[PDB]
Chemist: 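Structure provided below as structure tokens; questions to follow.
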Amino acid sequence: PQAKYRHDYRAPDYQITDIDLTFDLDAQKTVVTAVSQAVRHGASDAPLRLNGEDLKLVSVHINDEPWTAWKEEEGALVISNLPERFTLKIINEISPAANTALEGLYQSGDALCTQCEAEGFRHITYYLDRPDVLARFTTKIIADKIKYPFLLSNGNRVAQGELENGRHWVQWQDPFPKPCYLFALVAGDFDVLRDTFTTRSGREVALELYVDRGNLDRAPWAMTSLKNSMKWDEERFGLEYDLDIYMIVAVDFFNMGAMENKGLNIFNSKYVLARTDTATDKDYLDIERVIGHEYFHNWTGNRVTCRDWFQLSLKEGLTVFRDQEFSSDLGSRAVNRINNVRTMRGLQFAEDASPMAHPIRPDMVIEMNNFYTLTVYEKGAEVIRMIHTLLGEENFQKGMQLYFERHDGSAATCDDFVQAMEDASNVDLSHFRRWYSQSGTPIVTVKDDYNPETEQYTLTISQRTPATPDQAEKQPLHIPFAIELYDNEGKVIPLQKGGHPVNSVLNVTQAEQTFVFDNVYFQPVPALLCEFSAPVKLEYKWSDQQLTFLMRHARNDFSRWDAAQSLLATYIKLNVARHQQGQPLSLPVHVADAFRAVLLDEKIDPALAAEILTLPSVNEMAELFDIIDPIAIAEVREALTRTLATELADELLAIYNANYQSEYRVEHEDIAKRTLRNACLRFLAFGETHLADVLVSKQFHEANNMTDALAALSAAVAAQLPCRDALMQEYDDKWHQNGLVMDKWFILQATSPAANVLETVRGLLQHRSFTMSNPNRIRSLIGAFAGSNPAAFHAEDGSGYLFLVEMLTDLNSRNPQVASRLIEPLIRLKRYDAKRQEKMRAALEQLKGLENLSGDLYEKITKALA
Ligand SMILES: N[C@@H](Cc1ccc(O)cc1)C(=O)O
Ligand code: NA
Ligand code: NA
Ligand SMILES: [Zn+2]
């Protein structure tokens with residue numbers, strides 16, 4: 001497999017302006033007729049090179065003349081000797097039922113559906129499968145009326161007909177030119193939830209949510225979230241929907257989360273279906289996030305698209321930013337920020353320290369499906385957020401406005417977007433652009449001094465990004481570094497110098513620089529990198545008392561949680577070292593006291609309390625260490641939980657009871673109280689065994705919603721309580737017919753601390769609710785084991801690696817995209833001890849030797865073994 005490079009981008013030799021597609025649909029053999037109007041822009045002797053994969057070519061015509069001047073090559077149809085303007089007609093066959101990779105046209109249960117991003121359209125017909133080729137689509141679909149009574153594509157229905165032999169047809173037209181990755185087709189039988197949204201300016205939009213027969217009871221929340229997204233984009237960004245119909249189709253078989261195809265989004269059912277007995281608070285908020293996300297792409301991705309796939313973050317960073325802003329505006333901003341920062345520090349930093357490290361705008365890609373990453377998405381969003389921090393909301397919105405004014409109806413670049421922001425705001429972003437080109441996590445080191453003679457506070461701030469596998473050269477970045485200074489009363493000290501106020505967002509642009517502040521009337525306690533103002537690791541020599549002071553006094557709830565994290569980091573590191581020496585947990589009394597104070601604080605937002613009382617995950621803990629000891633981390637997390645459970649037992653039970661709610665509401669105040677109650681339950685489960693077992697069993701049985709039931713079940717598994725096996729069996733017996741609900745149970749099985757967890761996981765490959773044919777099931781059992789049970793995955797006998805090799809040997813052939821998702825824990829080998837590295841290396845070497853190794857896995861394996 002050959003790498004492609006960003007610097008090799010060149011405008012296409014040919015454009016296509018219009019394409020008329022006909023599908024004669026059948027699961028075994030679908031016939032595609034594609035009539036394209038093409039224009040040559042390149043040299044008169046340049047051939048037209050069409051991408052195509054796994055197509056059976058039937059005929060090629062140019063202006064209705066059977067064409068003799070063509071050849072098929074690997075992945076392509078090369079057509080020579082063309083006029084400047086012409087009509088290309090391709091007829092070819094494909095086989096949806098054979099498509100186990102779920103890219104192009106495939107089968108999802110009884111439905112046929114498409115996934116074209118990034119390069120799936122070339123699995124449907126021979127085309128210019130590149131996002132800088134925008135064309136106006138019409139789509140005619142012909143199918144069996146009984147099997148496929150709904151035939152959907154992008155845009156509006158313009159024609160329909162009936163045929164003999166029980167077939168019918170519908171034709172769709174989408175007026176907006178689009179790259180082919182935004183093409184969608186769906187055929188099947190569905191229940192349909194229909195509603196309406198009227199835009200600010202009065203455009204009535206028909207909303208249609210297509211779900212499998214019998215699932216209408218699970219559709220209203222997704223519909224509500226769609227309307228909420230539409231309203232918010234109007235209010236916040238001044239953007240209205242631009243078509244007459246908005247369709248969403250929920251499908252069970254889908255490699256990612258959801259897809260923004262123009263006017264016809266296709267969603268993994270996990271991000272659509274919810275009822276209070278099947279879905280948790282987290283599920284509701286994720287449906288809200290993902291519905292919003294795909295909707296927000298209508299402008300940031302569709303109306304302005306990507307010139308090439310190296311510009312993926314142009315749409316993903318910005319749309320992730322938009323979905324975060326949506327969730328934050330509607331819900332708790334602090335909880336959203338906290339959770340997004342957990343993801344950055346615990347998962348994205350890991351990627352940036354791995355063989356797969358890349359800038360948010362990659363320079364080199366072998367398989368583009370490998371670059372739908374934490375970096376491109378979540379770090380991409382942090383980069384957009386830094387622009388927002390530097391510009392402020394008003395200037396940022398001016399930049400958005402200029403971006404659309406310049407680029408609406410075209411494919412643009414990351415650089416185009418930065419230039420629009422810079423031009424609209426008059427803020428210089430020339431240095432800032434380096435965030436697009438440089439991979440790895442910067443480390444920002446802060447030293448301070450207080451001078452009582454002059455009442456000056458001095459911050460000496462340095463930065464460096466360590467070399468990464470992809471880049472030997474690193475340079476200083478433009479780091480927006482937000483600070484606050486607190487006096488002894490917990491009041492904010494005004495930032496000033498030489499009689500003039502100083503902006504609290506410091507521009508850290510050099511390898512080292514000093515900032516001096518005047519009229520600092522008391523030695524300050526600083527809050528540093530406020531609201532995680534740049535995606536960096538902070539090195540500052542905090543005292544415990546500075547941190548507990550911030551937990552008490554910091555103005556922003558994020559800073560209070562972040563202070564608690566810094567406090568915990570010290571003792572997590574202490575206790576991992578102790579575990580390695582065979583010693584039990586040690587924790588100063590004043591540390592437990594800080595968490596007691598959070599429990600008993602009557603003024604603190606329960607949403608914030610809940611997050612402070614949620615310990616960093618084993619993944620967040622891992623990124624505190626150069627060399628990861630996953631067993632020590634797991635056992636320290638448990639020991640810390642047990643210690644706090646014992647020290648805080650009375651307080652935990654009081655707060656658990658105080659936050660009882662008889663009514664279940666998907667409302668932010670209620671969610672906050674419930675998150676706090678369940679955080680308390682988690683500790684209580686690790687307290688005295690009998691009380692724990694009673695409390696957990698009672699909550700599981702008395703729960704009137706899945707949030708509370710799952711919290712209890714999860715605690716029973718985590719703490720290995722007597723009731724565990726009974727509760728797990730009850731859940732299976734009740735829910736086995738419901739895959740999405742069973743995913744939660746497979747996750748609990750996979751992440752179990754039980755000694756026999758791998759045995760159980762292997763056995764579950766035969767479970768009635770499991771199938772290797774379904775990405776969600778695969779991710780919930782196998783993925784959760786490898787990625788979310790590192791203690792078991794990294795068992796010293798190497799059994800975890802061997803299991804993953806076995807699974808990837810199947811998935812490499814079946815569904816390379818899912819295989820590539822699942823190989824990730826194995827490519828982190830350099831973070832582990834020598835003995836583990838050698839076993840993981842052996843595992844990777846076995847995979848490298850697979851017959852018919854997918855490009856997806858090849859790219860990751862070669863980087864890992866380098
Ligand atoms: N474009 C989708 C993501 C996606 C990408 C590729 C896929 O195959 C599926 C989904 C989004 O981020 O909104
Ligand atoms: Na990276
Ligand atoms: Na100091
Ligand atoms: Zn997206």
Side-chain angles (χ1 to χ4, degrees), residues 99 101-106 108 113-121 123 131 179 181-184 229 248 251 253-262 265-268 270-271 289-302 305-306 309 312-324 326 344 347-365 367-384 435-442 465-466 468-471 535 775 815-818 820-821 824 827-828 856 860 863:
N99 193 338
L102 318 183
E103 185 188 78
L105 179 63
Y106 67 94
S108 178
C113 60
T114 54
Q115 173 57 36
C116 294
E117 194 183 1
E119 294 172 330
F121 190 74
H123 294 252
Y181 82 84
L182 288 171
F183 173 78
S229 300
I248 295 174
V251 300
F253 293 83
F254 201 75
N255 283 341
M256 296 275 289
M259 178 62 210
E260 71 269 22
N261 317 292
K262 184 75 172 194
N265 293 176
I266 294 168
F267 272 62
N268 189 315
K270 79 187 304 283
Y271 291 128
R289 168 174 64 84
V290 175
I291 290 279
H293 187 96
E294 309 311 330
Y295 180 75
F296 303 145
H297 268 311
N298 193 50
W299 283 93
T300 52
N302 301 0
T305 192
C306 295
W309 291 117
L312 180 60
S313 205
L314 173 69
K315 73 183 181 73
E316 299 307 339
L318 182 51
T319 304
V320 172
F321 178 74
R322 282 154 57 61
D323 85 53
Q324 289 182 1
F326 172 57
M344 282 295 302
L347 299 177
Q348 195 277 332
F349 282 12
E351 182 167 75
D352 245 338
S354 84
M356 263 293 293
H358 48 287
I360 65 163
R361 179 183 60 202
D363 289 331
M364 168 194 177
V365 166
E367 172 47 64
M368 188 57 206
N369 284 326
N370 284 340
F371 291 82
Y372 285 75
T373 53
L374 291 157
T375 297
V376 167
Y377 279 65
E378 278 75 30
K379 181 171 168 176
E382 296 298 304
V383 174
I384 302 300
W435 284 106
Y436 286 80
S437 48
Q438 186 166 112
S439 56
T441 311
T465 296
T468 54
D470 62 307
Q471 291 183 341
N815 189 337
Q817 281 188 73
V818 176
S820 183
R821 185 186 292 277
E824 203 76 2
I827 73 170
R828 307 290 180 76
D856 311 59
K860 294 193 175 175
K863 292 182 192 293

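Both counts, for ligands and for their atoms, begin at 1 and track the order of listing. In this chain, numbering begins with 1 at the start of the sequence shown.
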Chemist: Could you tell me, atom by atom, which parts of ligand 1 come under 4.0 Å of a heavy atom of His293?
Modeler: 11 (C), 12 (O), 13 (O)
Chemist: Side chain, backbone, both or neither: which part of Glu117 comes within less than 4.0 Å of ligand 1 when only heavy atoms are counted?
Modeler: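 Answer for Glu117: both.
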Chemist: Looking only at N, O or S atoms in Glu316, which is nearest to the Zn ion (ligand 4)?
Modeler: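 Result: OE1.
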Chemist: Would you say the side chains of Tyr372 and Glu117 form a donor-acceptor pair under 3.5 Å?
Modeler: yes
Chemist: Suppose we only count N/O/S atoms under 3.0 Å; would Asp352 qualify as near the Na ion (ligand 2)?
Modeler: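 Within the cut-off used here (under 3.0 Å), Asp352 does place an N, O or S atom near the Na ion (ligand 2).
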Chemist: Does the side chain of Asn369 come under 3.5 Å of the side chain of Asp856 through a donor N or O and an acceptor N or O?
Modeler: no
Chemist: Flag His297 as yes when one of its N or O atoms lies below 3.5 Å from any N or O atom of ligand 1, and as no otherwise.
Modeler: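 Between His297 and ligand 1 (N or O atoms, distance only) the closest approach is under 3.5 Å.
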Chemist: When you look for heavy atoms under 4.0 Å from ligand 1, do you find them on the side chain of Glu294, its backbone, both, or neither?
Modeler: side chain
Chemist: Show me which atoms of ligand 1 lie under 4.0 Å from any heavy atom of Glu260.
Modeler: 1 (N), 2 (C), 11 (C), 13 (O)
Chemist: Does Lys379 reach the side chain of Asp352, with side-chain heavy atoms less than 4.5 Å apart?
Modeler: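 When only atoms from C-beta onward are counted, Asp352 and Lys379 do touch, with a gap below 4.5 Å.
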Chemist: Given side chains that start at C-beta, do those of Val365 and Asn370 come closer than 4.5 Å, heavy atoms only?
Modeler: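 Not in contact.
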Chemist: Please list, in number order, the atoms of ligand 1 under 4.0 Å from a heavy atom of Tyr372.
Modeler: 5 (C)
Chemist: What's the separation between atom CG in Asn261 and atom CG in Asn298, rounded to the nearest 0.5 Å?
Modeler: 11.5 Å
Chemist: At a non-hydrogen distance cut-off of under 4.0 Å, which region of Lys315 contacts ligand 1 (side chain, backbone, both, or neither)?
Modeler: side chain
Chemist: Between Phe296 and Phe326, is any pair of side-chain heavy atoms under 4.5 Å apart?
Modeler: yes
Chemist: Under 3.0 Å from the Na ion (ligand 2), is there any N, O or S atom belonging to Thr375?
Modeler: yes
Chemist: In terms of residue, atom name and distance, what is the protein heavy atom nearest to atom 7 (C) of ligand 1?
Modeler: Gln115 NE2, 2.9 Å
Chemist: By number and element, which atoms of ligand 1 are closer than 4.0 Å to a non-hydrogen atom of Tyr377?
Modeler: 3 (C), 11 (C), 12 (O)
Chemist: Okay, side chain of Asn99, backbone of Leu105: is any donor-acceptor separation there less than 3.5 Å?
Modeler: yes
Chemist: Rounded to the nearest 10°, what angle sits at the Zn ion (ligand 4) between NE2 of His297 and NE2 of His293?
Modeler: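 NE2 of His297, the Zn ion (ligand 4) and NE2 of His293 span an angle of about 100°.
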Chemist: Give the atom numbers and elements of ligand 1 that come within less than 4.0 Å of a heavy atom of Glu316.
Modeler: 1 (N), 11 (C), 12 (O)
Chemist: Can you name the atoms of ligand 1, numbered from 1 with element, that are less than 4.0 Å from a heavy atom of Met256?
Modeler: 7 (C), 9 (C), 10 (C)
Chemist: Side chains of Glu316 and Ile360: does their closest heavy-atom pair fall under 4.5 Å?
Modeler: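 They are not in side-chain contact.
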Chemist: Report, in ascending order of atom number, the atoms of ligand 1 lying under 4.0 Å from any heavy atom of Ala258.
Modeler: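 Those of ligand 1 that fall under 4.0 Å from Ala258 are 2 (C), 3 (C), 4 (C), 10 (C), 11 (C), 13 (O).
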Chemist: Relative to the heavy atoms of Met259, which atoms of ligand 1 are at a distance of less than 4.0 Å?
Modeler: 1 (N), 2 (C)
Chemist: Do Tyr106 and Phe253 have ring centres separated by under 6.0 Å?
Modeler: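 Judged by ring-centre distance (under 6.0 Å), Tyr106 and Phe253 do not meet the cut-off.
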Chemist: Taking the side chain as every heavy atom from C-beta outward, state whether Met368 and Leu312 have any pair of such atoms under 4.5 Å apart.
Modeler: yes
Chemist: Calculate, to the nearest 0.5 Å, the distance between atoms CZ and CZ belonging to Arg361 and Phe371 respectively.
Modeler: 14.5 Å
